[PDB]
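# Coordinate analysis (summary)
The lines below spell out each chain.
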2 protein chains.
Amino acid sequence: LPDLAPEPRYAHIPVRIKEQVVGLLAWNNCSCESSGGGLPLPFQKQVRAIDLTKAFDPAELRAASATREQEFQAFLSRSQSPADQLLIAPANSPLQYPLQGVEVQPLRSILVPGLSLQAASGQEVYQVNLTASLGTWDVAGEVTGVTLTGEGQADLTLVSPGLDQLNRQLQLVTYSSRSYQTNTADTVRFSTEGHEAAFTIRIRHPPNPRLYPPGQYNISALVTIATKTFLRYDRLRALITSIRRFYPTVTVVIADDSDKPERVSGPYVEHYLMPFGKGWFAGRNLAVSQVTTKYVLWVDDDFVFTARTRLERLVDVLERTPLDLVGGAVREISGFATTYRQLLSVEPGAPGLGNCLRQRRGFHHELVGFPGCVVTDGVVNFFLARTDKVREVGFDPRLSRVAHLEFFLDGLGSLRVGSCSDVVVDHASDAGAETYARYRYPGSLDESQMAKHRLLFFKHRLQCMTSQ
Amino acid sequence: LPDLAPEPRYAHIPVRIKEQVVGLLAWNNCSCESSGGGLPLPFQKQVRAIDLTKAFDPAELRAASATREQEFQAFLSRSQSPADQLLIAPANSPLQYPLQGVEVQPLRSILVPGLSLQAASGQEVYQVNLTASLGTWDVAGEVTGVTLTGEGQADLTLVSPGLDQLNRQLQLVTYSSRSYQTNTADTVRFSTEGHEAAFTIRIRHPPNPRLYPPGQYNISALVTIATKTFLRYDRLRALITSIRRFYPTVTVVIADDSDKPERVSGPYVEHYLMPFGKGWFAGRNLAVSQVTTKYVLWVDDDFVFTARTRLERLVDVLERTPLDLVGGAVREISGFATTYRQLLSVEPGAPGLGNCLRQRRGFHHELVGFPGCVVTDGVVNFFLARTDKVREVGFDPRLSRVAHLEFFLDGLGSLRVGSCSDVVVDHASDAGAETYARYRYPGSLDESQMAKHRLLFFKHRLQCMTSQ
Ligand SMILES: CC(=O)N[C@H]1[C@@H](OP(=O)(O)OP(=O)(O)OC[C@H]2O[C@@H](n3ccc(=O)[nH]c3=O)[C@H](O)[C@@H]2O)O[C@H](CO)[C@H](O)[C@@H]1O
Ligand SMILES: CC(=O)N[C@H]1[C@@H](OP(=O)(O)OP(=O)(O)OC[C@H]2O[C@@H](n3ccc(=O)[nH]c3=O)[C@H](O)[C@@H]2O)O[C@H](CO)[C@H](O)[C@@H]1O
Ligand SMILES: *[C@@H]1O[C@H](CO)[C@@H](O[C@@H]2O[C@H](CO)[C@@H](O)[C@H](O)[C@H]2NC(C)=O)[C@H](O)[C@H]1NC(C)=O
Ligand SMILES: *[C@@H]1O[C@H](CO)[C@@H](O[C@@H]2O[C@H](CO)[C@@H](O)[C@H](O)[C@H]2NC(C)=O)[C@H](O)[C@H]1NC(C)=O
Ligand SMILES: *[C@@H]1O[C@H](CO)[C@@H](O)[C@H](O)[C@H]1NC(C)=O
Ligand SMILES: *[C@@H]1O[C@H](CO)[C@@H](O)[C@H](O)[C@H]1NC(C)=O
Ligand SMILES: *[C@@H]1O[C@H](CO)[C@@H](O)[C@H](O)[C@H]1NC(C)=O
Ligand SMILES: *[C@@H]1O[C@H](CO)[C@@H](O)[C@H](O)[C@H]1NC(C)=O
Ligand SMILES: [Mn+2]
Ligand SMILES: [Mn+2]
């Protein structure tokens, strides 16, 4: 979409391309390619590409691409605002005006700051026009010697023989929003003879501040532990026992889609029963919907708390930083502990094909002031998070079987993710077991995998992904 | 406080205040006052005030106000961006620069549009500086005759004897984000001799488009019906029977926190069991967390479908308009039908006391192209909505007993609300009944009401509310 074309005005000018800088720009032509096959080499990491288009019959793919384009166009039309338009500030204009940072509530009024005409003195008359589209102009006070035409209308003229009078009058100009919209903007025109300025007034409500009473840290007040279980009651009970060993009154919310659910009860345990096999992320979404505390801790039902599960440290990070989610480390019985720090980026692909997802191990930078903590895009499913941010992102209930990074991908950009290596939880090593493994370990060409590829293709407008 | 008072530069100028316009401005001094007592008058609506500060012991009120202020300051610090700063465009600068609309992904690069120096034809040397704080400048190509100092640094100088060369060079300037943040902005400085311009590059990811597959309108694919029941299985079953009379394969999600839950099942019914008395909005939040369709229809368990519950019309409105939620009408057995169209606004109050909520019956305007439909802030609990918007706003699981407008208040500004009068659902007219009434109908000085006032005081930074 960049042409870097020499316009005819400057086509006489020589330019030598910077090969290195032009490579940094988005060329909307991404693809996903695997590492070669064969035995791996010590300092090479094997990259695997998935073509998501292969999850569809050619007829399915064409229909899906069309519908996905239609739905995306619909989305853009509901999202995009005059505030997103490219405006260029004119040079050598006598018009002084607010460039950004001017906002009014729907159906409310403000004084518009910083309006003035820096014309030269000595003209016979000075005139300025204000034009709006979603509001109307008026003045907080009439300046003696200034003539106003259009008070309470979308177009306002100010005319004055005195320049100082005109400028004083502009300090008193008000904008009022006149029709109700939830979150939009009005691109105003401010003008004088032979000069024109566009600027934008944002028309929106202030955000819901969602403040939590705080009640060092009362963990029971700040934190709810959320989990999802299925046919693994032994693991679940060991988890609850281990939690209570360190945190006796912290509420544990358990979503459960077992066919024949056992009773789980005890002080500060909330058990939710779901239709059999409704699924994984559905149950995670259920569990988080019931959290009343500022923070939620995700734990799997196969976890065990130890003296290393110091939740206070995770709380500390979220209390002291702008992070929304902070992951801990999960230690296998083999002694290895993983923070599963992942980077996720989407790269622009060809128009209509969709974009490319890159997943790779790693993090962005260290978290200043917090040794052993980093900022990254995704973590292991042991994490403390602001409940509201987790619910704003959501665990898509369609992800019924096997999913992990799909949450961090849904939250990408929306969610400020960190990862601390020093808060550590252990991971634990009949009819029920064969059944559990049948749901948890399907074929890789199973309808589950295909469905998830089609879903990720559609939902996030991807064509392909690379895993590394 | 908008500053009205004349600066010493213009203190010599007379201004006559417009009493009418000054009254439109926010003076950060809102209060809540009841209508006069006594018998009401034909064209007057009785306004009643609730003082939320009276929900606290006066000792506790001071602690609450302090900690509420602290939490809000924390909130602001995590929300606010350099993009929200008031920038004033200087008059009479040769600097042309992008005013808004310039955006880059974290750790990505763009050509900066619209940079130029509009100067004299032929001068000695022309020099322009660019300064950034979260990124680095570089050029997509070196223009012959232009000298660059600081390529790949935060500060970049361009210098040229030729003005055309300099301007061509500016068409090739790139900004690269250099540190990772999810959603911020860099306020850059563009400068030349004796001239300075500030402008902001927004650094953020594109939004999650959350597109829904297609798998007239297939109601079963687009819509899930969501409800919450408690000890009223007769009503619930009559609802399900009535739904099936018109919509045989539409999924019904039922959240249930009854003590001894009855079995509810049938084709396309999903029953979720909650701990006894976990509550109302908790169960609404639960029900919505399980919806996999583009839209969710909220119905109470006491509803009955008729030929007038033509869901297709509600779907039509959300398919064809930027609305997020569209309410229908609920008809009492007495024959009266309510759309319960409400307006909600928050008005700024004194710093530290909090703001004032105004609730009044009414709507903003008619929904053009849809007779009998209006745009408003809240509706009766019969509505079709985009599932994702409903979950983004959420039903606060703290509201365990009696709540309605609290949802629309949480969604205020976030949620585009409409109301159609022609889609109509009926509202249906023992040990269990005494118990049901005990939970549904507490005293108005009961701990439930007091708790809700303290919650709304804290959560939304309100001091008081008026209901009309
Ligand atoms: C510590 C960590 O980062 N673990 C992740 C990983 O665990 P693992 O690969 O170790 O798998 P696991 O067997 O521990 O399963 C994790 C969770 O899946 C649940 N389950 C499984 C099958 C089913 O039909 N329904 C259901 O709810 C189960 O009850 C449990 O809480 O991979 C899973 C993929 O599914 C999840 O992303 C886990 O969070
Ligand atoms: C059509 C409409 O706008 N109705 C609203 C109104 O209904 P009503 O005044 O008709 O009251 P209702 O008794 O039907 O209550 C509505 C809902 O409350 C639920 N319930 C009640 C008590 C309890 O402890 N737990 C629980 O879940 C119950 O399952 C039912 O679906 O006022 C309610 C009480 O706040 C809700 O705002 C309703 O949506
Ligand atoms: C930590 O938080 C818990 C949960 O909010 C507090 O427990 C509640 O405290 C209130 C106020 O004293 C009591 O009315 C409730 O009965 C308690 N709820 C339950 C179910 O335990 C607890 O008091 C807090 N602890 C400290 C040290 O402040
Ligand atoms: C929309 O699409 C189709 C056709 O309208 C329907 O889905 C199928 O309906 C048959 C009829 O009972 C079932 O046997 C299939 O298993 C359905 N497939 C599904 C559930 O996708 C249905 O009317 C709508 N689809 C959905 C998603 O409910
Ligand atoms: C993308 O397309 C442009 C068009 O010429 C090309 O210059 C660029 O190198 C391409 N990149 C890839 C990844 O093929
Ligand atoms: C401003 O408005 C006046 C009054 O309509 C109009 O005649 C004029 O062309 C406009 N021009 C300026 C000064 O922007
Ligand atoms: C708010 O302040 C304005 C201006 O200072 C004053 O005229 C007005 O009456 C005040 N209103 C209330 C309710 O205090
Ligand atoms: C431009 O940058 C140089 C960097 O050394 C500095 O000397 C100068 O103050 C800047 N120019 C202006 C006028 O801001
Ligand atoms: Mn496991
Ligand atoms: Mn009712």
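Residues numbered from 1 in each chain as written, not as in the entry; some residues may be left out. Chains lettered and ligands numbered in written order. Heavy atoms only, no water.

Chain A is annotated in the PDB entry as Beta-1,4 N-acetylgalactosaminyltransferase 1 of Homo sapiens. The title field of the PDB entry reads "Human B4GALNT1 in Complex with UDP-GalNac". In its Subcellular location section, the UniProt record describing chain A reads: "Golgi apparatus membrane". (UniProt positions renumbered as here; feature names shortened; annotations may be inferred.)

### A look at the overall build of chain A
The helix and strand tally for chain A stands at 11 helices and 29 strands. Its C-alpha atoms put chain A at 95 × 60 × 45 Å along the principal axes. Going through the 468 residues of chain A one by one, you find that 54% of them count as buried. Here chain A holds 48 positive side-chain charges and 48 negative ones, and the gap between their average locations is 6 Å. (Helix = DSSP H or I, 4+ residues; strand = E, 2+ residues; numbered from the N terminus. Buried < 20%, exposed > 50% of the residue type's maximum accessible area, 1.4 Å probe, protein only. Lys, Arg positive; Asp, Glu negative; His and termini not counted. Charge placed at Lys NZ, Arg CZ, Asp CG, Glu CD.)

### Section: the state of the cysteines
All chains considered together, the criterion is met by six disulfides over all chains. Sequence-ordered numbering of the bonded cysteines in chain A gives a pairing of 1-3, 2-6, 4-5. (Disulfide = S-S within 2.5 Å.)

### A few points about the relation of the copies chain A and chain B
For the pair chain A and chain B, the superposition axis carries a translation of 0.1 Å, the fit reaches an RMSD of 0.4 Å, and the rotation angle comes to 180 degrees. In symmetry terms, the pair is related by a two-fold rotation axis. Proximity to the rotation axis, assessed at the C-alpha, singles out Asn92(A) in chain A; its C-alpha lies 2.0 Å from the axis. Take the interface residues of chain A: 99% of them recur as interface residues in chain B, which is what a same-surface contact looks like. (Least-squares fit on C-alpha atoms. Contact = heavy atoms within 4.5 Å.)

### Looking at the UniProt feature "disulfide bond" in chain A
Residues and elements named next belong to chain A. With 2.1 Å between their sulfur atoms, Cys373 and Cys420 do form the disulfide that UniProt assigns to them. In this pair, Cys373 sits in strand β26 (residues 373–376) while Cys420 sits in strand β28 (residues 417–427), placing the two residues 47 residues apart along the sequence. Judged by relative accessible area, which is 2%, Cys373 ranks as buried.

### Digging into the interface of chain A and chain B
Each partner contributes residues to the interface: chain A has 122 residues there, and chain B has 127 residues. Counting every contact that joins chain A to chain B gives 15 salt bridges. For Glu151(B), the salt bridge identified is with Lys18(A), shortest N-O distance 3.0 Å. Run the count over chain A and chain B and you get 57 residue pairs in polar contact. (Salt bridge = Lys/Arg side-chain N within 4 Å of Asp/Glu carboxyl O. Polar contact = N/O pair within 3.5 Å; in protein donor to acceptor, adjacent residues only side chain to side chain.)

### Side note on the sheet that holds strand β11 (residues 147–149) of chain A
Residues and elements named next belong to chain A. The strand order across the open sheet formed by six strands is β5-β15-β14-β8-β12-β11, and the pairing between neighbours is mixed. Across the chains shown, the open sheet's two edge strands, defined by having one partner strand only, are β5 (103–104) and β11. Pairing between β5 and strand β15 (residues 195–204): two bridges, direction parallel. Bridging across to β15, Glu103 finds its partner in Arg202. The strands that helix α3 (residues 163–170) touches are β8 (126–131), β11, β12 (155–160) and β14 (183–192); relative to β12, the one it contacts most, it runs at about 150 degrees. (Pairing = 2+ DSSP bridges. Axes fitted to C-alpha atoms, helices over the stretch in contact; angles between N-to-C directions.)

### Details of the coordination of the manganese ion (ligand 9)
Residue and element names in this part refer to chain A. For the manganese ion (ligand 9), every protein donor is listed as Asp302 (OD) and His427 (NE2), and the spread of their distances is 1.8 to 2.4 Å. Of this pair, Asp302 sits in the loop between β19 (295–298) and β20 (303–304) while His427 sits in strand β28, placing them 125 residues apart in sequence. The buried category is assigned to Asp302, whose relative accessible area is 9%. (Donors = N, O, S within 2.8 Å, 3.2 Å for Na, K, Ca; no water.)

### Quick word on the site of ligand 8
All names here are of chain B. The full set of residues close to ligand 8 is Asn129, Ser191 and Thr192. Between ligand 8 and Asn129, the relevant distance is 2.3 Å, taken from an oxygen atom to a side-chain nitrogen or oxygen of the residue. Summarising the interface, the protein chains cover 29% of the accessible area of ligand 8, which totals 370 Å² for the free molecule. (Near = heavy atom within 4 Å. Areas by Shrake-Rupley, 256 points an atom, 1.4 Å probe, with all protein chains shown as cover.)

### A few points about the nonpolar core
If you look at the biggest cluster of nonpolar residues, it comprises 132 residues, and the most contacted ones within it are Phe407(A), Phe408(A), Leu297(B), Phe305(B), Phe382(B), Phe407(B) and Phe408(B). In this structure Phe305(B) touches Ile225(B), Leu239(B), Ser242(B), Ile243(B), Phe246(B), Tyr247(B), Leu297(B), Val299(B), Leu311(B) and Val425(B), once residues within four positions along its chain are discounted. Ranked by size, the runner-up nonpolar core spans 81 residues in total, among them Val139(A), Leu148(A), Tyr10(B) and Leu170(B). (Core = buried A, V, L, I, M, F, W, Y, C linked by side-chain atoms within 4.5 Å.)

### Some remarks on the packing of aromatic side chains
Evaluated as defined, the whole model comprises 35 aromatic pairs over all chains. Taking the centre distance of 4.8 Å and the plane angle of 65 degrees together, the rings of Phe56(A) and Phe457(A) count as edge-to-face. You'll find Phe56(A) and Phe457(A) in the same group, each marked buried. Centroid distance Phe230(B) to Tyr436(B): 6.3 Å. Interplanar angle 45 degrees. Geometry classified as tilted. (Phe/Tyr/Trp six-rings, centres within 6.5 Å; stacked < 30°, edge-to-face > 60°.)

### Looking at the sheet that holds strand β13 (residues 173–177) of chain B
All names here are of chain B. Taking strand neighbours across the sheet as the criterion, the three strands line up as β6-β13-β9 in an open arrangement whose pairing is antiparallel. The open sheet has two edge strands, β6 (109–111) and β9 (135–139), and neither has a second partner. Pairs of neighbouring strands in the sheet enclose a mean axial angle of 25 degrees, with direction left out of account. Bridge count for β6 against β13 is three bridges, and the pairing is antiparallel. Directly across from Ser109, in β13, lies its bridge partner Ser176.

### Concerning unusual backbone geometry
Residues and elements named next belong to chain A. Of note in the backbone geometry, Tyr268 takes a positive phi value of approximately 60 degrees without being a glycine. Look at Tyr268 and you get partly exposed, because its relative accessible area is 45%. In this structure, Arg461 takes a positive phi of about 55 degrees despite not being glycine. Inspection of the secondary structure puts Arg461 in the loop between α11 (447–459) and β29 (462–467).

### Quick look at the pairing of strand β14 (residues 183–192) of chain B
Residues and elements named next belong to chain B. Burial analysis of β14 places eight of its 10 residues in the buried class, which makes it a mostly covered element. Direction of pairing for β14 relative to strand β15 (residues 195–204): antiparallel, over a ladder of 10 bridges. Bridge pairing in β15 places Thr184 opposite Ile203. Between β14 and β15, which pair antiparallel in sequence order, lie two residues; one of them, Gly194, sits at a positive phi of approximately 65 degrees.

### Side note on the pattern of salt bridges
For the coordinates displayed, the defined rule picks out 57 salt bridges over all chains. A salt bridge links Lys459(B) to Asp396(B); the shortest N-O distance between them is 2.7 Å. As far as the burial class goes, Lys459(B) and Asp396(B) line up, both buried. Put simply, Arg210(A), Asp396(B), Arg398(B), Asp410(B) and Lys459(B) are held in one network by salt bridges that share partners.

### Section: the side chain of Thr187(A)
By the secondary structure assignment, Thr187(A) is in strand β14. Judged by its relative accessible area of 13%, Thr187(A) is buried.

### A look at the domain arrangement of chain A
Examined at the domain level, chain A breaks down into domain 1 (106–204) and domain 2 (220–467). Spacing between the C-alpha centres of domain 1 of chain A and domain 2 of chain A amounts to 53 Å. (Domains from an automatic or database assignment.)

### Notes on the environment of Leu148(B)
Residue and element names in this part refer to chain B. Inspection of the secondary structure assignment puts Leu148 in strand β11 (residues 147–149). Here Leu148 falls in the buried class, since its relative accessible area comes to 15%. Every residue in contact with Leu148, bar those within four places of it in the chain, is listed here: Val139, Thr157, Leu158 and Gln169.

### Regarding the environment of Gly37(B)
If you trace the backbone, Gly37(B) turns up in the loop between α1 (19–22) and β2 (48–51). Linking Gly37(B) and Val47(B), residues 10 residues apart in sequence, is a C-alpha distance of 9.9 Å.

### A look at the packing of helix α6 (residues 280–289) of chain A against helix α6 (residues 280–289) of chain B
Helices that pack against each other are described as a pair by the angle of their axes relative to one another and the distance between those axes. Where α6(A) meets α6(B), the closest approach of the two axes is 8 Å, and the angle between their N-to-C directions is 160 degrees. By the angle class used here, α6(A) and α6(B) are roughly antiparallel. Here α6(A) and α6(B) pass one another in a crossing that is right-handed. On α6(B), the residues touching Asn285(A), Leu286(A) and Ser289(A) of α6(A) are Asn285(B), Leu286(B) and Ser289(B). Counted by class, the contact of α6(A) with α6(B) contains two nonpolar, four polar and no charged residues. (Parallel < 35°, antiparallel > 145°, perpendicular 65-115°, else oblique. Left-handed = near helix turned anticlockwise from the far one by under 90°. Nonpolar A, V, L, I, M, F, W, Y, C, P; charged D, E, K, R; others polar.)

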